[PDB]
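Trainee: Chains as they are written, first to last, in our numbering: chain A, 23 to 169; chain B, 551 to 760.
Idealized CB from N, CA, C, for every residue including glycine.
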Amino acid sequence: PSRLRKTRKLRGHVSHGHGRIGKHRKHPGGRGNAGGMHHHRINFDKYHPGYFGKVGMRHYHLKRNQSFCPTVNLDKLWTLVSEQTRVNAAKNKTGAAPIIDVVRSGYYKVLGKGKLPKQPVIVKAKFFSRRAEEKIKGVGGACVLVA
Amino acid sequence: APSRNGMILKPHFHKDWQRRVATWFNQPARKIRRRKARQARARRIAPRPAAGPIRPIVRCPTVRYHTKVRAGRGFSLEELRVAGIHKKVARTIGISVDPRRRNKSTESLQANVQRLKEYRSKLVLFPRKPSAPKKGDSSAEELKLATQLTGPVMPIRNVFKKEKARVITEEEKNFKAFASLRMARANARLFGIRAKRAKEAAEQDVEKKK
RNA sequence: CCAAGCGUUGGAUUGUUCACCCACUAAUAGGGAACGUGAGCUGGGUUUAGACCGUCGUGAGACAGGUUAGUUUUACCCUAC
RNA sequence: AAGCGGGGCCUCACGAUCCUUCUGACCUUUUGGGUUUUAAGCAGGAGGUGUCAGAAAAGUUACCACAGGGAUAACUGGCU
RNA sequence: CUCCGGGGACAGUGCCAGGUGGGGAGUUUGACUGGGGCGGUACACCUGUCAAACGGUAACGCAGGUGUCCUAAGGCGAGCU
RNA sequence: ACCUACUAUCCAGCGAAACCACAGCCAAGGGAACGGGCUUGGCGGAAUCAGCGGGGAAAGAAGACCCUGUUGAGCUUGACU
RNA sequence: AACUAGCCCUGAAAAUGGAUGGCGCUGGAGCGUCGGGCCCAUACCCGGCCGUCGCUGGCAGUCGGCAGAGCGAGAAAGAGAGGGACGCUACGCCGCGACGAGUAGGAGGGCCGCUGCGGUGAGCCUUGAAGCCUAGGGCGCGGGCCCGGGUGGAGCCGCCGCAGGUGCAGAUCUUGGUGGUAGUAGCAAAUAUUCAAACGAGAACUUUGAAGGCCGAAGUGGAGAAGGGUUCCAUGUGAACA
RNA sequence: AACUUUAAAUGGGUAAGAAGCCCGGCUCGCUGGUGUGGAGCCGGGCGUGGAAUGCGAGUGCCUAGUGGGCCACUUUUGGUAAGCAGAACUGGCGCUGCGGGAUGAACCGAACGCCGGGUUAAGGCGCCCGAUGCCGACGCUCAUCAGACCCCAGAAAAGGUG
RNA sequence: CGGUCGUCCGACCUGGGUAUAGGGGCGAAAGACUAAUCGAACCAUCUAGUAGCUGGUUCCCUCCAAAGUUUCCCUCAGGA
RNA sequence: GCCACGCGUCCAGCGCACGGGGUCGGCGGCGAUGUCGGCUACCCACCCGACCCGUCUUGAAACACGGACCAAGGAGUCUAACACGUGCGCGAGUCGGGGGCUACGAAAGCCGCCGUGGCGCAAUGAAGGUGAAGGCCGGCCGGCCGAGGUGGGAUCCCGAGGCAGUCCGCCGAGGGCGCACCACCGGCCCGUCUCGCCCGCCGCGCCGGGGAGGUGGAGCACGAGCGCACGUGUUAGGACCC
RNA sequence: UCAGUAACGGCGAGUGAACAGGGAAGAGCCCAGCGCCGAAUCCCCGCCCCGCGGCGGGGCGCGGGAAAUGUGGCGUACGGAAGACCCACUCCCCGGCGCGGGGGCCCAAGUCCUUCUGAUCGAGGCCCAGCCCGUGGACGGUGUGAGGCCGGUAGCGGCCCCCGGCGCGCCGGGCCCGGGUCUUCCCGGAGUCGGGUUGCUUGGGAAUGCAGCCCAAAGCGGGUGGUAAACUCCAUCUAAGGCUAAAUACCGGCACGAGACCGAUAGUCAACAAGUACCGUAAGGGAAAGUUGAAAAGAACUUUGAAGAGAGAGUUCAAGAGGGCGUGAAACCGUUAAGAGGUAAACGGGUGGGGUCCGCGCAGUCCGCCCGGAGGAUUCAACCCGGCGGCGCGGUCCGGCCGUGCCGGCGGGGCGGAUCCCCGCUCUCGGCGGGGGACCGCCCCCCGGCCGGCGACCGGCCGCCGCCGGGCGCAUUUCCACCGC
């Protein structure tokens with residue numbers, strides 16, 4: 023909508039919203055990110071700290087497929103299986119703990135961020151955290167490694 | 551000239567990009583052209599399936615995808631040899647064959663042989679000439695029931711196996727997953743040094759004895 | 001002291017302003033008007049491009065240092081007379 | 001001994017990125033795995049930008065050119 | 001059995017390496033400045049003043065100093081003036 | 001100072017161009033520091049013709065003299081590559 | 001006699017004619033100290049109108065024979081029970097107070113304007129569309145708009161949304177057209193034309209005769225090359241050029 | 001001014017309560033003659049809301065233009081001086097019209113929606129030019145260069161038996 | 001263009017053909033000539049080259065409303 | 001002159017009006033071919049005011065630059081990226097944009113076993129890697145309570161009271177749960193520094209890890225993003241135009 | 001998509017891939033060499049037969065030639081060749097003949113009545129078929145606006161030709177073919193890889209890739225495994241030979257369709273005798289320029305002038321459309337009317353005067369309520385009948401329907417579930433995929449019991465009210481017309 027833009031209200035105004043002393047010239051400060059070690063030093067330090075310099079090790083042929091290790095917290099652990107299995111787990115008097123295969127839903131590591139409900143589980147995952155294991159053992163569950 | 555707060559941007563427009571601009575107004579017309587050639591191909595091979603030859607069951611590389619199963623380029627020669635199908639005859643009956651594929655596993659080798667067994671049962675083969683039906687062709691009543699198959703023939707569905715809720719034993723209860731993961735991390739890291747340490751340690755025992 | 005009414009020259013030299021000299025004269029006073037006055041005149045000198053000499057710079061070149069030759073356009077418009 | 005001292009009684013005598021060099025480790029990577037050189041990393045010093053918040057930099061144009069500037073000179077007019 | 005002679009495994013050619021190379025190519029020749037240039041740094045610091053009794057406060061304002069030096073001219077303790 | 005030819009003068013015919021914020025009488029004052037317009041005064045009368053060069057800071061060309069530009073070119077070298 | 005303080009004079013001289021602003025003023029219309037009265041700027045007070053801001057004010061209570069006409073009241077709380085005007089597009093209407101400058105710049109509202117698209121007006125229209133002109137009637141603060149008259153002959157507009165190549169006084173702007181200058185500058189380099197006749201509507205310039213002149217054989221003569229390309233010849237014309 | 005025993009005016013900080021006092025008790029690995037000291041936690045009791053005046057406050061994003069200034073009282077630097085250059089406080093012009101000073105960027109008064117009435121500011125009231133055409137008061141002054149209103153537009157030492 | 005001028009038997013003038021083409025030619029040498037263009041000819045393209053530098057930047061009303069000051073930048077006509 | 005009208009016991013209607021902003025229940029004339037009215041827009045006269053616009057500038061009417069006049073055209077546009085704000089749909093999810101199936105229709109609808117993949121849902125460290133509360137009781141184990149606290153906090157809850165005697169609702173000293181958000185003190189995750197006590201396995205050490213106190217992080221501590229559209233601002237692009 | 005990522009970069013400006021995954025498409029193969037077959041191979045010329053606009057095939061050549069300095073068949077890394085033993089069909093393919101696309105011609109219904117116009121395609125009507133056709137109401141032309149005037153459009157509509165095709169049949173034909181087990185053999189591309197150096201390039205960083213020079217290979221070998229090197233395990237292919245459609249691109253060309261695009265200073269430079277006129281020696285530069293009227297019906301004829309040009313007359317609806325002619329603005333000029341005129345002109349505020357047309361003003365308002373009297377009606381209220389509507393707390397009448405309500409189920413279905421016997425296959429029992437069944441949850445239906453509603457959504461009876469229509473009622477009721485100033 024060009025009718026809703028600013029240029030429709032600027033008709034009849036000489037400087038077109040750009041001033042009379044500092045005319046809207048072509049490139050007063052330089053094109054692009056010019057002047058990092060120069061006249062644009064303060065903006066590059068007060069808003070982008072760490073822009074200039076090298077740090078860390080180079081890695082020539084990096085494949086993002088190798089580093090794929092998605093994580094899941096203990097908050098949304100019971101959301102992986104359906105709600106029907108959660109009701110029957112506490113309802114069952116034999117103590118048959120349902121199995122939640124973390125790799126099946128698309129995660130590899132389990133992190134112990136959240137609280138677990140007091141009913142046993144069997145957790146199959148590719149990796150585990152230290153705190154995630156003690157929370158599972160605290161309820162009376164088992165951590166099963168799988169590859 | 552940057553403003554107060556914002557990003558540092560690198561627009562890749564410093565070349566003469568306006569000459570090499572690819573518009574996509576052909577896309578609605580391209581879709582009709584893809585559909586019309588696909589429908590015309592299907593009528594040319596009217597008894598044969600529109601998808602084409604069957605594809606093998608394929609596990610993925612790149613461990614990110616290693617739990618997924620796709621449809622592959624073609625069946626391996628080891629998979630055809632077990633199924634009892636000659637490699638030069640399978641291509642005429644709609645079996646994708648490539649000699650590049652390997653067979654490192656037995657489960658995937660047996661899965662494709664089992665996939666080939668159910669394809670041979672479902673295959674209705676017409677005789678070379680209608681006057682003289684040969685030995686390996688389908689029955690006469692199967693000629694009248696031959697129909698085109700829409701979509702991928704025998705689609706490969708990544709099926710998951712259910713498991714029943716078990717009672718946790720004491721071995722699973724007392725297992726230390728984090729400790730085992732940390733221990734296997736160290737021994738893989740320290741495999742070479744311990745092997746090297748035990749190597750020259752024998753020659754300090756030999757020199758001590760002699 | 002009143003007094004600008006009326007006058008304040010011809011020439012050698014130098015582009016000269018200035019300056020000096022010769023002679024006459026009543027006297028040969030000082031100045032302004034975009035340091036009056038180039039669509040009124042001249043282009044002698046400053047102050048282009050060509051050159052010569054002296055000094056300086058390795059050099060291209062520089063010199064309120066000299067010498068030489070170097071296009072001076074237009075009123076028929078308005079006002080003023 | 002209470003105490004004082006992590007420089008000079010105080011107000012001044014000094015230097016970013018990148019690169020190089022040295023030192024510190026029972027430290028990380030060197031790529032499919034293992035060993036050893038080497039190389040790349042972490043941290044702490046040094047090698048300097050004196051135009052000192054830090055380009056690598058000789059002139060001439062009277063053969064000169066462009067965008068401009070009465071923000072800035074040579075002339076008249078103004079103030080003293 | 002080389003057309004005659006004259007040179008000849010040297011000229012000479014290809015690729016590298018070193019020297020030389022305004023013949024030629026590209027580029028540079030800081031800033032402040034009572035115009036610019038020249039001279040200076042008022043371009044990085046410190047002291048007193050300007051500075052008008054909190055602080056801050058300009059000019060190529062005034063008077064000066066600095067890019068160090070110290071195995072002690074550092075740190076305690078003791079004794080003297 | 002006088003004479004001649006062609007103009008310039010007028011008429012028969014044919015007939016542009018530059019330039020043009022609006023247009024044009026002055027004294028003093030102030031103003032962006034030399035006004036045709038503003039202030040206070042002097043004053044002012046149709047339409048014109050032939051000259052005329054005092055004024056319109058007259059017309060000609062975004063000053064070439066000076067300075068700035070992180071704009072260039074010709075040339076030189078002990079500038080850099 | 002010596003000081004001292006007021007008004008006035010000398011000190012006190014620049015160039016176009018000249019400025020307490022001018023005229024002029026001297027029982028001031030000058031100077032110093034002071035009175036009443038009078039003059040008036042968008043300044044202040046009162047009153048009318050417009051807009052903005054705030055009260056983050058009030059209005060669904062239009063509660064009518066199923067009724068009762070109220071919440072202007074200084075005082076934490078209850079008119080509690082055992083046949084009838086307007087209104088209210090609530091993005092609307094109404095009441096109080098205060099305020100209103102403006103460059104650069106920012107924001108909001110446009111039932112301001114142009115073009116095309118989707119809807120919509122049982123829209124306008126050869127008994128006259130668009131466009132243009134207008135000494136008329138008007139509206140809106142304004143951008144602009146509606147009628148009246150003339151010309152015109154074939155399309156056009158209102159509202160809700162959508163979209164843009166959407167608004168000019170300038171840029172020594174571009175294209176095109178027209179003025180003052182102006183019936184003006186000018187039609188002045190190389191000695192010179194005159195008379196008669198013919199023709200024609202029309203004769204200084206055409207044709208013929210005569211006279212007077214010039215080029216003076218290195219020509220204003222007679223033929224070439226390059227170049228031009230029908231300019232060479234006859235007839236006719238005076239539309240355009242000379 | 002680069003001296004100071006003294007030493008102002010103007011000025012610069014802080015306080016004028018409820019987040020303040022007064023009690024009682026826990027904790028501490030801090031400090032230790034000593035529940036010594038300090039800090040933090042709690043629980044309880046005190047409201048005449050503890051100077052005047054005025055005013056609704058607090059807070060988060062995005063953000064144009066600006067980064068050549070100038071003038072005026074007072075102070076002050078350099079310069080003989082400048083409508084010169086450079087500073088301090090405040091106000092103006094820039095950005096702003098109106099009345100007055102003959103005119104005027106900065107002066108005086110006063111800031112602005114469109115009007116009617118009234119009244120003023122600064123200035124004025126012989127004519128231009130609205131207003132003294134007051135029975136205006138008291139004195140001074142004669143110029144053959146009189147004088148006449150901030151800014152401000154011109155004058156000195158000296159002299160006069162005017 | 002006029003008058004006045006230098007030379008006019010030899011380094012004289014001139015026609016046609018031909019050769020040298022742009023960082024090149026050619027120059028009894030003036031930075032001169034190279035199709036009215038020469039301190040680097042003309043045509044087309046890159047190219048709508050860049051400009052911290054001039055000029056311009058199009059309808060109405062209402063409301064609010066400035067700054068030429070700090071620090072840094074080969075920064076001083078500009079930016080953060 | 002009076003904003004004073006009754007008894008005993010105890011210590012209401014009628015009129016008038018300095019009254020919540022003007023009415024007359026008051027009048028006089030002239031109006032058919034020469035009279036009335038018509039703000040504005042046509043022309044002319046007078047008084048007052050009044051220098052030609054744009055632009056650069058501290059300063060313009062300038063003897064600072066563009067500008068004879070008129071008509072048309074004529075300059076912040078489009079793509080991509082980002083930030084913020086707003087509107088819409090879904091929501092710890094969100095999205096087909098690429099691909100298939102069914103004149104306007106090149107539209108529209110459908111396909112999540114076409115969500116591959118983009119963003120978010122976890123960060124930290126150069127990296128190896130690691131990766132987000134505890135307390136009590138009983139004897140390192142077994143049970144319990146189980147998601148931090150303080151102050152300020154819009155709103156909501158109770159009722160000492162008060163609008164012979166109950167219910168509704170009112171308000172109310174005082175007492176609380178406290179939304180969002182702010183300040184502070186704590187707690188947890190990763191790297192780094194310092195200090196220790198230790199335990200333990202599938203291969204008992206130069207091993208693996210825990211603890212306590214500082215410190216760095218763009219972290220956690222009961223989500224908030226995704227997709228589309230709009231506006232502003234900064235950029236790369238020819239980039240408001242010459 | 002990875003991804004503006006790894007990475008490159010005075011690590012500054014900036015530059016910047018690849019793997020994997022999801023899709024479109026999907027087709028594999030042939031040599032040299034190793035070897036076996038008696039050169040078993042191929043070209044040309046002559047003859048026969050048959051088609052001959054692609055000279056094609058087959059047969060004959062003591063016809064010529066190529067080829068042993070290597071043609072053809074088997075055979076290519078997935079292995080291949082030879083021999084022995086089983087199994088198996090022997091039928092594939094060339095040159096001939098006869099049995100939908102392109103083009104052409106046509107297909108529905110008003111010029112029907114009245115009325116305007118210069119002309120209608122403008123307006124009204126065509127009742128009971130609200131004219132007629134419509135699988136045809138896109139477009140264009142016809143004297144403004146047309147579905148039916150016409151060309152067209154729709155149609156799996158009709159008719160007539162050309163093209164090879166798909167398969168059948170006949171013959172000229174080549175055609176005796178392979179797969180599994182065992183045994184014996186064989187097997188690979190050289191100034192090439194690789195290394196050094198230099199230059200260019202790349203994200204490729206102690207050279208990613210390409211190229212010049214020099215060195216220059218090997219066969220349990222060689223290359224790659226994103227940091228230079230040595231040792232050792234592995235992983236993955238077989239380079240230095242070649243062919244191959246599809247997804248893909250397309251500002252040139254051929255033929256099309258379409259547009260929220262522009263409308264003669266716009267849009268291609270060019271809507272027109274446009275790359276034309278014209279300019280430059282040349283390379284090249286490069287315009288301006290659309291519109292009478294429906295139909296020329298383009299002004300016959302008379303008269304002045306030598307004619308250009310006029311004045312009459314005539315055409316047209318209109319010459320106020322008269323040949324560069326539709327509409328004809330402004331700058332500018334000419335003429336008519338009015339006004340005015342010594343401080344250049346012009347402007348703002350306030351009046352005044354004169355014109356211009358307008359108000360169609362010139363006797364100045366009507367509207368309601370009441371009174372008077374003149375009139376004129378088929379006329380009022382109240383009853384009866386019929387219809388319609390509203391409301392009802394009918395205190396709760398009866399019945400339907402629904403639930404963005406709940407409950408129940410000797411219930412049923414359709415599903416879903418990460419809740420728990422049978423069919424088939426790779427090693428009768430143990431493992432695996434699929435289909436039950438049961439259970440749970442959701443939806444729908446049979447119902448039944450409450451709650452709510454019919455005011456986002458209801459009908460019948462009863463009561464009340466209102467309205468309309470028809471009978472009476474009939475004039476002191478009611479309704480029309482006239483005036484008082």
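(1) Just the chain B side, please: which residues come within less than 7 Å of A/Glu155 by C-beta, in chain order?
(2) Taking the beta carbon of B/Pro606 as the centre, do at least 16 other beta carbons fall within 10 Å, making it buried, or is it exposed?
(3) Output the boundary residues of the beta strand (DSSP E) element that contains A/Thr93.
(4) Taking only beta-carbon atoms, is residue 539 of chain B less than 8 Å away from chain A?
(5) Find out if the Cβ-Cβ distance for the pair A/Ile122, A/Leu96 is shorter than 8 Å.
(6) Rounded to a whole number of angstroms, what is the C-alpha to C-alpha distance between B/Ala715 and B/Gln664?
(7) Spell out the partners DSSP gives B/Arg620 in its beta bridges.
(8) Terminal residues of the continuous alpha helix (DSSP H) containing A/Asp123?
(9) Is A/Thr93 closer than 8 Å to A/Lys31 when the C-beta atoms are compared?
(10) Does the Cβ-Cβ distance between B/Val703 and B/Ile604 come in under 8 Å?
(11) In whole angstroms, give me the CA-to-CA distance for B/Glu628 and A/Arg153.
(12) Does any residue of chain B have a CB that is nearer than 8 Å to the CB of A/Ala112?
(13) According to DSSP, simplified to helix, strand and coil, what is A/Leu133?
(14) If I measure Cβ to Cβ from A/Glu105 and keep anything under 8 Å in the same chain, skipping five residues before and after, which residues do I get?
Mentor: With the given structure in hand:
(1) Listed along the chain, the chain B residues whose CB falls inside 7 Å of the CB of A/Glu155 are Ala727 and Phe728.
(2) buried
(3) Start and end: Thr93 to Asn95.
(4) Past the edges of chain B, shown from 551 to 760, lies residue 539 of chain B, and the structure says nothing about it.
(5) Judged by their CB atoms, A/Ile122 and A/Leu96 are not nearer to each other than the 8 Å cut-off.
(6) 30 Å
(7) B/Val608
(8) Note, A/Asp123: premise wrong, no alpha helix (DSSP H); beta strand (DSSP E) at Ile121 to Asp123.
(9) no
(10) Yes, Cβ-Cβ distance for B/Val703 and B/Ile604 is below 8 Å.
(11) Straight across, the Cα-Cα distance linking B/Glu628 with A/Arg153 is about 48 Å.
(12) no
(13) If DSSP states are grouped into helix, strand and coil, A/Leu133 belongs with the strands.
(14) Same-chain partners within the cutoff: there are none.
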